[PDB]
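Beneath this line is the structure, given in structure tokens, with notes to follow.
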Amino acid sequence: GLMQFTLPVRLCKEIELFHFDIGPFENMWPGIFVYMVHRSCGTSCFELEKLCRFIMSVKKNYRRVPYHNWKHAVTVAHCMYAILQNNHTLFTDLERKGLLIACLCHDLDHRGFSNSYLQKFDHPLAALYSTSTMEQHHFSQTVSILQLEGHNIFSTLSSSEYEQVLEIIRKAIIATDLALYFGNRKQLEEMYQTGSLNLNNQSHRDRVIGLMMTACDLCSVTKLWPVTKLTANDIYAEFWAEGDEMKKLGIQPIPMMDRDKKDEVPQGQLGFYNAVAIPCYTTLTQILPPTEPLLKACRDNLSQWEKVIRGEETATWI
Ligand SMILES: O=C(Nc1nc(CN2CCCCC2)cs1)c1nc(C2CC2)cnc1Nc1cncnc1
Ligand SMILES: [Mg+2]
Ligand SMILES: [Zn+2]
């Protein structure tokens, strides 16, 4: 009850910053998460013993893939921590509880393959869930772990608070399907500019939490350049394996996924920053001004990719 998590000084200070990298010591990531829950939520939010058991079953259900792994889960949860700590008074008690858990669980049992690949493969999950295929699976795995004996971290909530928090987690996890992000951001753009955006309107809060989930999910493009560049390598290791799997189904993959087209990566990163990431952090920053550092860091990384194209610097891995 009086048992705080404390980090070394460098981490205690840098964990507050948006561009924090959780480091290469896997055994420290659970304590980093619990530190963030304790400071974001309270030391009373969860029973420590149940939270620790929950965290360790979540870790076990992330696979050893290059990018959609346990390190990504914790990284996405940290970006949510930093957004919540910079916007203290905007979010409900149930939202603080739900959203860190949503981020930790948002890619549970990811196999390193896109929704597209599962549908072309004719995977059974593509018959069970016709849209947002992996994201419905991630939510389903979250509910499974929550129902394991001793894993119910929400056990002290009323029946209606429990339904509400699981509904926050379901929408937050579904929102990480980037297919849904484009229309969500367009609507948030119109709402903000015509001045109809209303944080008391539940359907408005839902849209804003969705955009927060996209922002946290993509946050590897908001790190210092050496982190972003080395993380780009991991996500392309997945993209290229999926492309290989498309060639095995007799389908030419898109270039992003074609390892014979490594030369096209710098230009593909430009399209990704201009079409997805910069617009995401731009609209986030309009709704939640204290999240501006994410936009600034994203613009810094677009500028490094522009330098890569002008040959003023390299990748190696390209
Ligand atoms: O590059 C990415 N996606 C990419 N998408 C393309 C294709 N492009 C998209 C925009 C419009 C034109 C077509 C190229 S790279 C990417 N995607 C995700 C999620 C959407 C799956 C997460 N992180 C990504 N990159 C990254 C870079 N550096 C560090 N960490 C992550
Ligand atoms: Mg995902
Ligand atoms: Zn993710």
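Cβ placement follows ideal geometry from the backbone for every residue including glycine, while neighbour counts extend to all protein chains displayed. Readers should treat all values here as calculations from the given coordinates under stated rules, not as data from a laboratory.
Values for this structure:
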quantity	calculated
Total residues in region 143-155, condition polar (S, T, N, Q) and free of Cβ contacts under 8 Å to residues at least 40 places away in the same chain	2
Residue list for region 250-282, filter: touching a residue at least 24 places away in the same chain (Cβ under 8 Å) and among the charged types (D, E, K, R)	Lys262, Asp263
In region 185-221, the residues that are within 16 Å of ligand 3 (Cβ to nearest atom), within 28 Å of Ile153 (Cβ to Cβ) and assigned to a helix (DSSP H, G or I)	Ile209, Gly210, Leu211, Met212, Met213, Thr214, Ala215, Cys216, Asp217, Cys219, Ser220
Some residue of region 97-107 being acidic (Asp, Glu) and buried (at least 16 other Cβ atoms within 10 Å of the Cβ)	yes
Residue list for region 131-159, restricted to those being surrounded by fewer than 17 Cβ atoms within 10 Å (Cβ to Cβ) and within 22 Å of the chain's Cα centre (by Cα)	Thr131, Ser140, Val143, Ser144
Residue list for region 212-231, filter: over 14 Å from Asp300 (Cβ atoms) and either within 16 Å of ligand 2 (Cβ to nearest atom) or surrounded by 22 or more Cβ atoms within 10 Å (Cβ to Cβ) (or both)	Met212, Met213, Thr214, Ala215, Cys216, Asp217, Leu218, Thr231
Given (1) over 30 Å from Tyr162 (Cβ atoms); (2) over 20 Å from the mean Cα position of the chain (by Cα), number of the condition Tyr67 does not satisfy	(2)
Residues located in region 122-161, provided they are hydroxyl-bearing (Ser, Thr, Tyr), assigned to a loop (DSSP other than H, G, I, E, B) and under 19 Å from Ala179 (Cβ atoms)	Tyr129, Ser130, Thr131, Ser132
Number of the exception - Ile169 against (1) in a loop (DSSP other than H, G, I, E, B); (2) in contact (Cβ under 8 Å) with a residue 24 or more places away in the chain	(1)
Qualifying residue in region 47-58 (condition: over 20 Å from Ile22 (Cβ atoms), crowded, with 17+ Cβ neighbours inside 10 Å, away from ligand 3 (no atom under 16 Å from the Cβ) and free of Cβ contacts under 8 Å to residues at least 40 places away in the same chain)	no
Candidates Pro279, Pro290, filtered to the one that is over 21 Å from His78 (Cβ atoms) and in a helix (DSSP H, G or I)	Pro279
Looking only at region 174-184, and only at residues there that are over 14 Å from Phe139 (Cβ atoms) and in contact with a helix residue (DSSP H, G or I) (Cβ under 6 Å, 6 or more places away or on another chain), the one that is nearest to ligand 3 (Cβ to nearest atom)	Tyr181
Region 1-26, residues that are acidic (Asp, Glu) and part of a loop (DSSP other than H, G, I, E, B)	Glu16, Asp21
Failed criterion for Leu100 (all others in (1) within 12 Å of ligand 3 (Cβ to nearest atom); (2) of a type in the set (A, V, I, L, M); (3) closer than 19 Å to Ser140 by Cα hold)	(1)
